[PDB]
$ cat work-v1.pdb   # PDB, C-alpha atoms and all ligand atoms
ATOM      1  CA  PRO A   1       1.277  28.507 130.320
ATOM      2  CA  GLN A   2      -1.218  27.249 132.981
ATOM      3  CA  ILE A   3      -3.704  24.697 131.542
ATOM      4  CA  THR A   4      -7.073  23.850 133.196
ATOM      5  CA  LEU A   5      -8.550  20.437 132.969
ATOM      6  CA  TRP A   6     -12.164  21.469 132.439
ATOM      7  CA  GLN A   7     -11.568  20.439 128.864
ATOM      8  CA  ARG A   8      -9.131  17.800 127.563
ATOM      9  CA  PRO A   9      -5.502  19.222 127.354
ATOM     10  CA  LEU A  10      -4.964  19.226 123.578
ATOM     11  CA  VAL A  11      -2.091  21.183 122.079
ATOM     12  CA  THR A  12      -0.566  21.684 118.637
ATOM     13  CA  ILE A  13       2.737  19.945 118.113
ATOM     14  CA  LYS A  14       5.036  20.080 115.005
ATOM     15  CA  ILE A  15       6.623  16.804 113.910
ATOM     16  CA  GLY A  16       8.458  16.360 110.677
ATOM     17  CA  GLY A  17       7.085  19.558 109.218
ATOM     18  CA  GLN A  18       3.509  18.277 109.994
ATOM     19  CA  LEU A  19       1.483  20.228 112.653
ATOM     20  CA  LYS A  20      -0.820  17.987 114.818
ATOM     21  CA  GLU A  21      -3.086  18.054 117.950
ATOM     22  CA  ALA A  22      -1.861  15.920 120.804
ATOM     23  CA  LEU A  23      -3.118  15.218 124.287
ATOM     24  CA  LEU A  24      -0.736  16.144 127.235
ATOM     25  CA  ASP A  25      -1.036  12.941 129.189
ATOM     26  CA  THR A  26       0.518  12.490 132.680
ATOM     27  CA  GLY A  27      -0.827   8.876 132.806
ATOM     28  CA  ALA A  28       1.264   8.050 129.673
ATOM     29  CA  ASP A  29       4.858   6.937 130.310
ATOM     30  CA  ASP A  30       5.766   7.258 126.577
ATOM     31  CA  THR A  31       4.653   9.405 123.652
ATOM     32  CA  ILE A  32       2.511   7.517 121.064
ATOM     33  CA  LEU A  33       1.514   8.979 117.694
ATOM     34  CA  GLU A  34      -0.999   7.722 115.117
ATOM     35  CA  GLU A  35       0.461   5.829 112.121
ATOM     36  CA  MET A  36       3.049   7.852 110.210
ATOM     37  CA  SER A  37       6.344   7.858 108.466
ATOM     38  CA  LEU A  38       9.368   8.614 110.485
ATOM     39  CA  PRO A  39      12.869   8.178 109.184
ATOM     40  CA  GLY A  40      15.347   5.893 110.771
ATOM     41  CA  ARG A  41      15.333   2.441 112.145
ATOM     42  CA  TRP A  42      12.701   1.306 114.589
ATOM     43  CA  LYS A  43      12.394  -1.637 116.941
ATOM     44  CA  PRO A  44       9.030  -3.368 117.837
ATOM     45  CA  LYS A  45       7.426  -2.999 121.238
ATOM     46  CA  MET A  46       4.076  -3.920 122.847
ATOM     47  CA  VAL A  47       2.461  -1.154 125.087
ATOM     48  CA  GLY A  48      -0.700  -1.602 127.299
ATOM     49  CA  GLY A  49      -3.508   0.647 128.440
ATOM     50  CA  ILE A  50      -7.163   0.167 129.357
ATOM     51  CA  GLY A  51      -8.419  -2.491 127.044
ATOM     52  CA  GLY A  52      -5.029  -4.157 126.619
ATOM     53  CA  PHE A  53      -1.950  -4.149 124.473
ATOM     54  CA  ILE A  54      -1.076  -2.777 120.991
ATOM     55  CA  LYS A  55       2.069  -3.286 118.835
ATOM     56  CA  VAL A  56       3.955  -0.143 117.958
ATOM     57  CA  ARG A  57       7.238   0.781 116.149
ATOM     58  CA  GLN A  58       9.703   2.546 118.545
ATOM     59  CA  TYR A  59      11.837   5.352 117.110
ATOM     60  CA  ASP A  60      14.503   6.929 119.347
ATOM     61  CA  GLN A  61      15.647  10.570 119.292
ATOM     62  CA  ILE A  62      12.890  12.230 117.446
ATOM     63  CA  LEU A  63      12.617  16.021 117.844
ATOM     64  CA  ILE A  64       9.173  17.426 118.494
ATOM     65  CA  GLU A  65       8.106  20.921 119.273
ATOM     66  CA  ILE A  66       5.373  21.228 121.922
ATOM     67  CA  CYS A  67       4.029  24.807 121.949
ATOM     68  CA  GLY A  68       7.337  26.297 120.673
ATOM     69  CA  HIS A  69       9.500  24.208 122.978
ATOM     70  CA  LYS A  70      11.789  21.820 121.263
ATOM     71  CA  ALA A  71      12.056  18.364 122.992
ATOM     72  CA  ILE A  72      13.764  15.175 121.858
ATOM     73  CA  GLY A  73      13.062  11.592 122.822
ATOM     74  CA  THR A  74      11.581   8.149 121.966
ATOM     75  CA  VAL A  75       8.335   8.288 120.044
ATOM     76  CA  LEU A  76       6.124   5.196 119.539
ATOM     77  CA  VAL A  77       4.074   5.008 116.386
ATOM     78  CA  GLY A  78       1.062   2.744 116.015
ATOM     79  CA  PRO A  79      -2.741   2.258 116.059
ATOM     80  CA  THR A  80      -3.472   4.786 118.798
ATOM     81  CA  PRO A  81      -6.864   6.518 118.696
ATOM     82  CA  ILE A  82      -5.261   9.930 119.600
ATOM     83  CA  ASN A  83      -1.744  11.395 119.584
ATOM     84  CA  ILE A  84      -0.461  11.339 123.242
ATOM     85  CA  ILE A  85       2.558  13.282 124.595
ATOM     86  CA  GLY A  86       3.725  11.267 127.592
ATOM     87  CA  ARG A  87       5.944  11.914 130.550
ATOM     88  CA  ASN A  88       9.193  11.254 128.656
ATOM     89  CA  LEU A  89       8.780  14.611 126.693
ATOM     90  CA  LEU A  90       6.535  16.446 129.231
ATOM     91  CA  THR A  91       9.475  16.556 131.640
ATOM     92  CA  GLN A  92      11.684  18.025 128.866
ATOM     93  CA  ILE A  93       9.487  21.145 128.501
ATOM     94  CA  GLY A  94       9.235  21.650 132.257
ATOM     95  CA  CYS A  95       5.669  20.538 132.661
ATOM     96  CA  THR A  96       4.500  19.987 136.273
ATOM     97  CA  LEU A  97       1.074  19.186 137.894
ATOM     98  CA  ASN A  98      -0.136  21.651 140.618
ATOM     99  CA  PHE A  99      -2.944  21.947 143.181
TER     100      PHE A  99
ATOM    101  CA  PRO B   1       1.962  20.836 145.883
ATOM    102  CA  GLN B   2       3.932  20.820 142.634
ATOM    103  CA  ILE B   3       4.516  17.369 141.150
ATOM    104  CA  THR B   4       7.206  16.948 138.481
ATOM    105  CA  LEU B   5       6.946  14.064 136.063
ATOM    106  CA  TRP B   6      10.262  12.168 136.224
ATOM    107  CA  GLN B   7       8.295   9.489 137.985
ATOM    108  CA  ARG B   8       4.701   8.332 137.642
ATOM    109  CA  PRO B   9       2.457  10.836 139.592
ATOM    110  CA  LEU B  10       1.086   8.353 142.197
ATOM    111  CA  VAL B  11      -0.748   9.636 145.360
ATOM    112  CA  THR B  12      -2.515   8.011 148.267
ATOM    113  CA  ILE B  13      -6.306   8.298 148.130
ATOM    114  CA  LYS B  14      -8.596   7.225 150.986
ATOM    115  CA  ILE B  15     -11.810   5.506 149.893
ATOM    116  CA  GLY B  16     -14.058   3.416 152.146
ATOM    117  CA  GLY B  17     -11.760   4.079 155.082
ATOM    118  CA  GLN B  18      -9.055   2.269 152.966
ATOM    119  CA  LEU B  19      -5.870   3.909 151.611
ATOM    120  CA  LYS B  20      -4.862   3.113 148.026
ATOM    121  CA  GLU B  21      -2.387   4.435 145.472
ATOM    122  CA  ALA B  22      -3.719   6.094 142.301
ATOM    123  CA  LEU B  23      -2.286   7.796 139.321
ATOM    124  CA  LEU B  24      -3.064  11.465 138.543
ATOM    125  CA  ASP B  25      -4.030  11.178 134.895
ATOM    126  CA  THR B  26      -4.762  14.281 132.747
ATOM    127  CA  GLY B  27      -5.329  11.999 129.771
ATOM    128  CA  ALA B  28      -8.296  10.220 131.527
ATOM    129  CA  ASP B  29     -11.743  11.878 131.330
ATOM    130  CA  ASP B  30     -13.008   9.716 134.190
ATOM    131  CA  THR B  31     -11.746   8.088 137.351
ATOM    132  CA  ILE B  32     -11.495   4.191 137.187
ATOM    133  CA  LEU B  33     -10.680   2.069 140.258
ATOM    134  CA  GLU B  34      -9.680  -1.618 140.351
ATOM    135  CA  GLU B  35     -12.431  -4.006 141.512
ATOM    136  CA  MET B  36     -14.014  -3.129 144.820
ATOM    137  CA  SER B  37     -17.236  -2.935 146.719
ATOM    138  CA  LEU B  38     -18.938   0.429 146.692
ATOM    139  CA  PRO B  39     -22.358   1.442 148.213
ATOM    140  CA  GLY B  40     -25.519   1.812 146.127
ATOM    141  CA  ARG B  41     -26.695   1.057 142.676
ATOM    142  CA  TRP B  42     -24.603   1.231 139.632
ATOM    143  CA  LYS B  43     -25.362   1.843 135.985
ATOM    144  CA  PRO B  44     -23.353   0.540 132.981
ATOM    145  CA  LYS B  45     -20.525   2.328 131.062
ATOM    146  CA  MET B  46     -18.223   1.405 128.146
ATOM    147  CA  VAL B  47     -14.858   3.197 128.227
ATOM    148  CA  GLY B  48     -12.121   2.954 125.543
ATOM    149  CA  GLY B  49      -8.369   3.389 126.111
ATOM    150  CA  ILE B  50      -5.246   2.596 124.079
ATOM    151  CA  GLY B  51      -6.085  -1.142 123.816
ATOM    152  CA  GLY B  52      -9.836  -0.926 123.150
ATOM    153  CA  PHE B  53     -12.951  -0.902 125.376
ATOM    154  CA  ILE B  54     -13.845  -2.278 128.819
ATOM    155  CA  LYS B  55     -17.354  -2.415 130.416
ATOM    156  CA  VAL B  56     -17.330  -0.877 133.951
ATOM    157  CA  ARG B  57     -19.845  -0.117 136.739
ATOM    158  CA  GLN B  58     -20.616   3.576 137.413
ATOM    159  CA  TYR B  59     -21.289   4.804 141.004
ATOM    160  CA  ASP B  60     -22.237   8.441 141.585
ATOM    161  CA  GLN B  61     -21.493  10.828 144.481
ATOM    162  CA  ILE B  62     -18.610   8.893 145.987
ATOM    163  CA  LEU B  63     -16.351  10.672 148.547
ATOM    164  CA  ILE B  64     -12.677  10.148 147.929
ATOM    165  CA  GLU B  65      -9.849  12.192 149.541
ATOM    166  CA  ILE B  66      -6.870  12.799 147.181
ATOM    167  CA  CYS B  67      -3.855  14.234 149.158
ATOM    168  CA  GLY B  68      -6.030  15.473 151.971
ATOM    169  CA  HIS B  69      -8.553  17.059 149.531
ATOM    170  CA  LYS B  70     -12.065  15.643 149.710
ATOM    171  CA  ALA B  71     -13.718  15.223 146.287
ATOM    172  CA  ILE B  72     -17.327  13.841 145.752
ATOM    173  CA  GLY B  73     -18.139  12.488 142.312
ATOM    174  CA  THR B  74     -18.512   9.685 139.803
ATOM    175  CA  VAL B  75     -16.173   6.732 140.130
ATOM    176  CA  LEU B  76     -16.140   3.809 137.623
ATOM    177  CA  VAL B  77     -15.053   0.299 138.914
ATOM    178  CA  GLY B  78     -13.746  -2.236 136.408
ATOM    179  CA  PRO B  79     -10.685  -4.200 135.094
ATOM    180  CA  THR B  80      -8.140  -1.454 135.041
ATOM    181  CA  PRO B  81      -4.401  -2.150 135.381
ATOM    182  CA  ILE B  82      -4.107   0.697 137.845
ATOM    183  CA  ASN B  83      -6.381   3.060 139.880
ATOM    184  CA  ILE B  84      -6.858   6.224 137.722
ATOM    185  CA  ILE B  85      -7.903   9.703 139.036
ATOM    186  CA  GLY B  86      -9.352  11.383 135.968
ATOM    187  CA  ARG B  87     -10.184  14.959 135.083
ATOM    188  CA  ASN B  88     -13.688  14.840 136.623
ATOM    189  CA  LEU B  89     -11.999  14.657 140.148
ATOM    190  CA  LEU B  90      -8.691  16.479 139.277
ATOM    191  CA  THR B  91     -10.857  19.678 138.534
ATOM    192  CA  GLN B  92     -12.535  19.451 141.910
ATOM    193  CA  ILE B  93      -9.147  19.548 143.847
ATOM    194  CA  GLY B  94      -7.966  22.462 141.656
ATOM    195  CA  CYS B  95      -5.335  20.728 139.549
ATOM    196  CA  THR B  96      -3.631  22.367 136.514
ATOM    197  CA  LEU B  97      -0.766  21.612 134.109
ATOM    198  CA  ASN B  98       2.014  24.230 134.046
ATOM    199  CA  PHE B  99       5.026  24.837 131.841
TER     200      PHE B  99
HETATM  201  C1  LIG C   1       0.638   4.077 126.481
HETATM  202  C2  LIG C   1       0.151   4.987 127.537
HETATM  203  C3  LIG C   1      -0.936   5.760 126.853
HETATM  204  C4  LIG C   1      -0.317   4.079 128.683
HETATM  205  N1  LIG C   1      -1.112   4.751 129.701
HETATM  206  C5  LIG C   1      -2.427   4.773 129.659
HETATM  207  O1  LIG C   1      -3.019   4.220 128.723
HETATM  208  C6  LIG C   1      -3.142   5.499 130.812
HETATM  209  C7  LIG C   1      -3.488   4.537 131.964
HETATM  210  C8  LIG C   1      -2.379   3.578 132.381
HETATM  211  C9  LIG C   1      -1.242   4.041 133.057
HETATM  212  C10 LIG C   1      -0.226   3.159 133.437
HETATM  213  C11 LIG C   1      -0.342   1.805 133.146
HETATM  214  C12 LIG C   1      -1.478   1.343 132.471
HETATM  215  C13 LIG C   1      -2.494   2.222 132.088
HETATM  216  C14 LIG C   1      -4.434   6.089 130.318
HETATM  217  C15 LIG C   1      -4.267   7.125 129.237
HETATM  218  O2  LIG C   1      -4.102   8.297 129.982
HETATM  219  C16 LIG C   1      -5.459   7.201 128.235
HETATM  220  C17 LIG C   1      -5.197   8.134 127.048
HETATM  221  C18 LIG C   1      -6.279   8.025 125.978
HETATM  222  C19 LIG C   1      -7.215   9.054 125.818
HETATM  223  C20 LIG C   1      -8.211   8.929 124.848
HETATM  224  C21 LIG C   1      -8.277   7.783 124.034
HETATM  225  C22 LIG C   1      -7.342   6.763 124.195
HETATM  226  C23 LIG C   1      -6.338   6.882 125.172
HETATM  227  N2  LIG C   1      -6.752   7.619 128.777
HETATM  228  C24 LIG C   1      -7.684   6.706 128.923
HETATM  229  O3  LIG C   1      -7.404   5.536 128.593
HETATM  230  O4  LIG C   1      -8.912   7.115 129.443
HETATM  231  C25 LIG C   1      -9.709   6.288 130.237
HETATM  232  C26 LIG C   1     -10.888   7.097 130.727
HETATM  233  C27 LIG C   1     -10.355   5.172 129.438
HETATM  234  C28 LIG C   1      -8.985   5.731 131.446
HETATM  235  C29 LIG C   1       0.912   3.626 129.484
HETATM  236  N3  LIG C   1       1.653   4.261 130.410
HETATM  237  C30 LIG C   1       2.399   3.228 130.938
HETATM  238  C31 LIG C   1       2.060   2.031 130.295
HETATM  239  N4  LIG C   1       1.098   2.327 129.363
END

$ encode --input "work-v1.pdb" --output "structure tokens" --more "lines below"
Ligand SMILES: CC(C)[C@H](NC(=O)[C@H](Cc1ccccc1)C[C@H](O)[C@H](Cc1ccccc1)NC(=O)OC(C)(C)C)c1ncc[nH]1
Amino acid sequence: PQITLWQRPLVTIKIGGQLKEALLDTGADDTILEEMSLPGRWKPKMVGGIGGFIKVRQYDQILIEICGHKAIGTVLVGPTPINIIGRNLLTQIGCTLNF
Amino acid sequence: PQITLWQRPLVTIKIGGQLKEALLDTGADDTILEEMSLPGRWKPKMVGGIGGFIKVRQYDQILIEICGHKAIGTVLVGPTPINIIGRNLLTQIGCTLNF
């Protein structure tokens, strides 16, 4: 679909049976979700934005559906203020930026 | 142009007769530039990202050309890791997300 940026680009995603709102972020290299339980083994990582760095748990090969499109990739879980779908899964659904 | 997201969406912006590289960020409500000298008065702003909040200086009605498109708006200057073109200027050059 075409999405305007007059308003923040929030979409419903489905992860582990749970439905959630997530921000489509082209400034985000990786996808970061708010604290949750994901199966499998994770490794620790430190990621930085405005304001600095936060510690997250990295899970690889997690399947997530973004508006009906299935996508699989690394998902970071940690104390993020909002769920963010980064470039690593935006490319998988064919998302591009146009003007 | 159509920009895919396999790489970070970086463009050249011209501000103050100077060229710089900035990130097109749909996840940023505002535009934040690394420390620089801009004309006029400024007023204070608190902005929060993934690592918490930073205090920045707000300048209004600044001309900035993003890929040969002249935009005129609010630019925040402060301790950002990278120059960020936010939604307030991405809407003025007609940018949308498509998949
Ligand atoms: C973990 C992701 C989110 C992170 N990117 C961001 O935080 C980018 C900026 C950046 C890019 C590249 C290197 C450093 C900083 C900004 C995000 O788009 C964030 C997403 C967000 C929205 C709402 C609340 C909290 C966060 N937007 C954001 O911080 O907005 C402002 C206006 C403060 C710039 C990233 N990408 C690469 C390294 N870190």

$ closest_atom_pairs --input "work-v1.pdb" --of "chain B" --to "ligand LIG 1 (chain C)" --cutoff "12 Å" --atoms "all atoms listed in the file" --output "CSV"
residue,atom,partner,partner_atom,distance
B:7,CA,C:LIG1,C30,11.1
B:8,CA,C:LIG1,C10,8.3
B:9,CA,C:LIG1,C9,10.1
B:10,CA,C:LIG1,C10,10.3
B:22,CA,C:LIG1,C9,9.8
B:23,CA,C:LIG1,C9,7.4
B:24,CA,C:LIG1,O2,9.2
B:25,CA,C:LIG1,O2,5.7
B:26,CA,C:LIG1,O2,6.6
B:27,CA,C:LIG1,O2,3.9
B:28,CA,C:LIG1,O4,3.8
B:29,CA,C:LIG1,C26,4.9
B:30,CA,C:LIG1,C26,4.8
B:31,CA,C:LIG1,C26,6.8
B:32,CA,C:LIG1,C28,6.5
B:33,CA,C:LIG1,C28,9.7
B:34,CA,C:LIG1,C28,11.6
B:45,CA,C:LIG1,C27,10.7
B:46,CA,C:LIG1,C27,8.8
B:47,CA,C:LIG1,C27,5.1
B:48,CA,C:LIG1,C27,4.8
B:49,CA,C:LIG1,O3,3.4
B:50,CA,C:LIG1,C23,4.6
B:51,CA,C:LIG1,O1,7.9
B:52,CA,C:LIG1,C22,8.2
B:53,CA,C:LIG1,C27,7.8
B:54,CA,C:LIG1,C27,8.3
B:55,CA,C:LIG1,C27,10.4
B:56,CA,C:LIG1,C27,10.3
B:75,CA,C:LIG1,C26,10.8
B:76,CA,C:LIG1,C26,9.3
B:77,CA,C:LIG1,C28,11.0
B:78,CA,C:LIG1,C28,10.5
B:79,CA,C:LIG1,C28,10.7
B:80,CA,C:LIG1,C13,7.4
B:81,CA,C:LIG1,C12,5.4
B:82,CA,C:LIG1,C12,6.0
B:83,CA,C:LIG1,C8,8.5
B:84,CA,C:LIG1,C28,6.6
B:85,CA,C:LIG1,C28,8.6
B:86,CA,C:LIG1,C26,6.9
B:87,CA,C:LIG1,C26,9.0
B:88,CA,C:LIG1,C26,10.1

$ calpha_fit_and_write --input "work-v1.pdb" --fixed "chain B" --moving "chain A" --output "compact mmCIF listing (two decimals) with C-alpha atoms, keeping the file's coordinate frame"
# COMPACT_ATOMS: atom_id res chain seq x y z
CA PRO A 1 2.02 20.71 145.99
CA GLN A 2 4.04 20.87 142.71
CA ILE A 3 4.54 17.39 141.15
CA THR A 4 7.29 16.59 138.58
CA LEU A 5 6.76 14.06 135.89
CA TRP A 6 10.20 12.45 136.01
CA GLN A 7 8.42 9.61 137.74
CA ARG A 8 4.78 8.54 137.34
CA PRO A 9 2.40 10.81 139.46
CA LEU A 10 1.15 8.30 142.04
CA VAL A 11 -0.59 9.51 145.17
CA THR A 12 -2.35 7.96 148.16
CA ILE A 13 -6.10 8.31 148.12
CA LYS A 14 -8.62 7.19 150.84
CA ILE A 15 -11.83 5.55 149.62
CA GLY A 16 -14.28 3.84 151.88
CA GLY A 17 -11.83 3.67 154.74
CA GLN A 18 -9.32 1.91 152.38
CA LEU A 19 -6.07 3.84 151.52
CA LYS A 20 -4.81 3.24 147.91
CA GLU A 21 -2.21 4.49 145.33
CA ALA A 22 -3.70 6.14 142.29
CA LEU A 23 -2.26 7.75 139.20
CA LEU A 24 -3.16 11.50 138.59
CA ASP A 25 -4.10 11.24 134.96
CA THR A 26 -4.89 14.32 132.79
CA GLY A 27 -5.55 12.02 129.77
CA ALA A 28 -8.38 10.32 131.75
CA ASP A 29 -11.82 11.96 131.50
CA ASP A 30 -13.21 9.81 134.38
CA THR A 31 -11.82 8.17 137.51
CA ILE A 32 -11.53 4.34 137.26
CA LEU A 33 -10.67 2.10 140.22
CA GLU A 34 -9.75 -1.60 140.31
CA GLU A 35 -12.56 -4.02 141.28
CA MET A 36 -14.12 -3.20 144.65
CA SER A 37 -17.25 -2.91 146.65
CA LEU A 38 -18.97 0.38 146.69
CA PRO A 39 -22.40 0.88 148.15
CA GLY A 40 -25.29 2.12 146.15
CA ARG A 41 -26.72 1.45 142.78
CA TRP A 42 -24.57 1.43 139.69
CA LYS A 43 -25.29 1.59 135.99
CA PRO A 44 -23.15 -0.20 133.28
CA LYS A 45 -20.89 1.71 130.92
CA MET A 46 -18.20 0.85 128.33
CA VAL A 47 -14.99 3.06 128.44
CA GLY A 48 -12.09 2.96 125.85
CA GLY A 49 -8.36 3.55 125.98
CA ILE A 50 -5.35 2.25 124.08
CA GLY A 51 -6.12 -1.34 123.33
CA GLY A 52 -9.89 -0.84 123.31
CA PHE A 53 -12.92 -0.94 125.52
CA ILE A 54 -13.71 -2.41 128.98
CA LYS A 55 -17.06 -2.74 130.84
CA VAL A 56 -17.25 -0.96 134.16
CA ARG A 57 -19.92 -0.28 136.86
CA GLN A 58 -20.59 3.51 137.23
CA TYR A 59 -21.27 4.83 140.74
CA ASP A 60 -22.24 8.51 141.13
CA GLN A 61 -21.38 10.78 144.07
CA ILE A 62 -18.63 8.92 145.72
CA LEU A 63 -16.41 10.91 148.11
CA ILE A 64 -12.68 10.43 147.78
CA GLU A 65 -9.87 12.19 149.50
CA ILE A 66 -6.86 12.98 147.28
CA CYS A 67 -3.93 14.09 149.47
CA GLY A 68 -6.22 15.45 152.24
CA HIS A 69 -8.60 17.16 149.83
CA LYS A 70 -12.08 15.84 149.83
CA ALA A 71 -13.67 15.56 146.31
CA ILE A 72 -16.95 14.00 145.22
CA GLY A 73 -17.95 12.63 141.84
CA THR A 74 -18.62 9.63 139.54
CA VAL A 75 -16.24 6.74 140.01
CA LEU A 76 -16.05 3.82 137.54
CA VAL A 77 -15.09 0.44 138.90
CA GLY A 78 -13.78 -2.37 136.72
CA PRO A 79 -10.83 -4.38 135.33
CA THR A 80 -8.37 -1.50 135.18
CA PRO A 81 -4.68 -2.35 135.59
CA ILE A 82 -4.11 0.73 137.87
CA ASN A 83 -6.33 3.11 139.86
CA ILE A 84 -6.65 6.37 137.80
CA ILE A 85 -7.92 9.75 139.12
CA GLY A 86 -9.27 11.52 136.05
CA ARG A 87 -10.18 15.06 135.19
CA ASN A 88 -13.64 14.90 136.81
CA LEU A 89 -12.02 14.89 140.37
CA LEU A 90 -8.68 16.57 139.45
CA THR A 91 -10.58 19.80 138.75
CA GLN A 92 -12.28 19.53 142.18
CA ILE A 93 -8.95 19.72 144.07
CA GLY A 94 -7.69 22.60 141.94
CA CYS A 95 -5.17 20.66 139.93
CA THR A 96 -3.70 22.49 136.90
CA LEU A 97 -0.88 21.65 134.37
CA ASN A 98 1.95 24.27 134.05
CA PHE A 99 5.00 24.96 131.87

$ resolve_selection --input "work-v1.pdb" --expression "the PyMOL selection byres (((chain B and resi 98) around 12) and not hetatm)" --output "CSV table (one decimal) with C-alpha atoms, in the frame of the given file"
chain,number,residue,atom,x,y,z
A,1,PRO,CA,1.3,28.5,130.3
A,2,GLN,CA,-1.2,27.2,133.0
A,3,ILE,CA,-3.7,24.7,131.5
A,4,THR,CA,-7.1,23.8,133.2
A,5,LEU,CA,-8.6,20.4,133.0
A,9,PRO,CA,-5.5,19.2,127.4
A,24,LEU,CA,-0.7,16.1,127.2
A,26,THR,CA,0.5,12.5,132.7
A,90,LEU,CA,6.5,16.4,129.2
A,91,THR,CA,9.5,16.6,131.6
A,93,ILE,CA,9.5,21.1,128.5
A,94,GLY,CA,9.2,21.6,132.3
A,95,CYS,CA,5.7,20.5,132.7
A,96,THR,CA,4.5,20.0,136.3
A,97,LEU,CA,1.1,19.2,137.9
A,98,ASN,CA,-0.1,21.7,140.6
A,99,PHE,CA,-2.9,21.9,143.2
B,2,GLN,CA,3.9,20.8,142.6
B,3,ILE,CA,4.5,17.4,141.2
B,4,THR,CA,7.2,16.9,138.5
B,5,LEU,CA,6.9,14.1,136.1
B,95,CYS,CA,-5.3,20.7,139.5
B,96,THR,CA,-3.6,22.4,136.5
B,97,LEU,CA,-0.8,21.6,134.1
B,99,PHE,CA,5.0,24.8,131.8

$ resolve_selection --input "work-v1.pdb" --expression "the PyMOL selection byres (((chain A and resi 38) around 8) and not hetatm)" --output "list in words"
residues 16, 36, 37, 39, 40 and 59 of chain A

$ closest_residue --input "work-v1.pdb" --among "B:89, B:66, B:58, B:14" --to "residue 35 (chain B)" --atoms "only C-alpha atoms"
B:58

$ closest_residue --input "work-v1.pdb" --among "A:60, A:42, A:74, A:67" --to "chain B" --atoms "all atoms listed in the file"
A:67

$ closest_residue --input "work-v1.pdb" --among "A:6, A:64, A:44, A:57" --to "chain B" --atoms "all atoms listed in the file"
A:6

$ closest_residue --input "work-v1.pdb" --among "B:62, B:21, B:72, B:92" --to "chain A" --atoms "all atoms listed in the file"
B:92

$ closest_residue --input "work-v1.pdb" --among "B:19, B:43, B:69, B:63" --to "chain A" --atoms "all atoms listed in the file"
B:69

$ atom_distance --input "work-v1.pdb" --atom1 "CA of residue 41 (chain A)" --atom2 "CA of residue 61 (chain A)"
10.8 Å

$ atom_distance --input "work-v1.pdb" --atom1 "CA of residue 65 (chain A)" --atom2 "CA of residue 13 (chain A)"
5.6 Å

$ build_atoms --input "work-v1.pdb" --residues "region 88-98 of chain A" --atoms "N, CA, C and O atoms" --output "PDB file, in the frame of the given file"
ATOM      1  N   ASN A  88       7.858  11.218 129.212  1.00  0.00           N
ATOM      2  CA  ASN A  88       9.193  11.254 128.656  1.00  0.00           C
ATOM      3  C   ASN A  88       9.448  12.595 127.943  1.00  0.00           C
ATOM      4  O   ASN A  88      10.597  12.997 127.910  1.00  0.00           O
ATOM      5  N   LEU A  89       8.513  13.327 127.334  1.00  0.00           N
ATOM      6  CA  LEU A  89       8.780  14.611 126.693  1.00  0.00           C
ATOM      7  C   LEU A  89       8.135  15.698 127.555  1.00  0.00           C
ATOM      8  O   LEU A  89       8.550  16.863 127.455  1.00  0.00           O
ATOM      9  N   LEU A  90       7.142  15.406 128.413  1.00  0.00           N
ATOM     10  CA  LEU A  90       6.535  16.446 129.231  1.00  0.00           C
ATOM     11  C   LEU A  90       7.582  16.963 130.203  1.00  0.00           C
ATOM     12  O   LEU A  90       7.604  18.166 130.484  1.00  0.00           O
ATOM     13  N   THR A  91       8.440  16.104 130.720  1.00  0.00           N
ATOM     14  CA  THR A  91       9.475  16.556 131.640  1.00  0.00           C
ATOM     15  C   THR A  91      10.449  17.516 130.928  1.00  0.00           C
ATOM     16  O   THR A  91      10.873  18.524 131.510  1.00  0.00           O
ATOM     17  N   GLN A  92      10.775  17.225 129.670  1.00  0.00           N
ATOM     18  CA  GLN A  92      11.684  18.025 128.866  1.00  0.00           C
ATOM     19  C   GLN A  92      11.210  19.451 128.675  1.00  0.00           C
ATOM     20  O   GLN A  92      12.062  20.316 128.469  1.00  0.00           O
ATOM     21  N   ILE A  93       9.914  19.744 128.678  1.00  0.00           N
ATOM     22  CA  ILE A  93       9.487  21.145 128.501  1.00  0.00           C
ATOM     23  C   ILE A  93       9.186  21.765 129.848  1.00  0.00           C
ATOM     24  O   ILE A  93       8.708  22.879 129.885  1.00  0.00           O
ATOM     25  N   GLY A  94       9.443  21.068 130.952  1.00  0.00           N
ATOM     26  CA  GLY A  94       9.235  21.650 132.257  1.00  0.00           C
ATOM     27  C   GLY A  94       7.818  21.543 132.750  1.00  0.00           C
ATOM     28  O   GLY A  94       7.439  22.284 133.645  1.00  0.00           O
ATOM     29  N   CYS A  95       7.040  20.620 132.228  1.00  0.00           N
ATOM     30  CA  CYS A  95       5.669  20.538 132.661  1.00  0.00           C
ATOM     31  C   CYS A  95       5.499  19.914 134.047  1.00  0.00           C
ATOM     32  O   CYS A  95       6.170  18.922 134.337  1.00  0.00           O
ATOM     33  N   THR A  96       4.754  20.530 134.959  1.00  0.00           N
ATOM     34  CA  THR A  96       4.500  19.987 136.273  1.00  0.00           C
ATOM     35  C   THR A  96       2.958  20.051 136.483  1.00  0.00           C
ATOM     36  O   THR A  96       2.214  20.765 135.788  1.00  0.00           O
ATOM     37  N   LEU A  97       2.477  19.315 137.481  1.00  0.00           N
ATOM     38  CA  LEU A  97       1.074  19.186 137.894  1.00  0.00           C
ATOM     39  C   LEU A  97       0.947  19.950 139.216  1.00  0.00           C
ATOM     40  O   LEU A  97       1.717  19.655 140.131  1.00  0.00           O
ATOM     41  N   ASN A  98       0.018  20.873 139.385  1.00  0.00           N
ATOM     42  CA  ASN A  98      -0.136  21.651 140.618  1.00  0.00           C
ATOM     43  C   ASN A  98      -1.549  21.772 141.116  1.00  0.00           C
ATOM     44  O   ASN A  98      -2.442  21.839 140.287  1.00  0.00           O
TER      45      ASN A  98
END
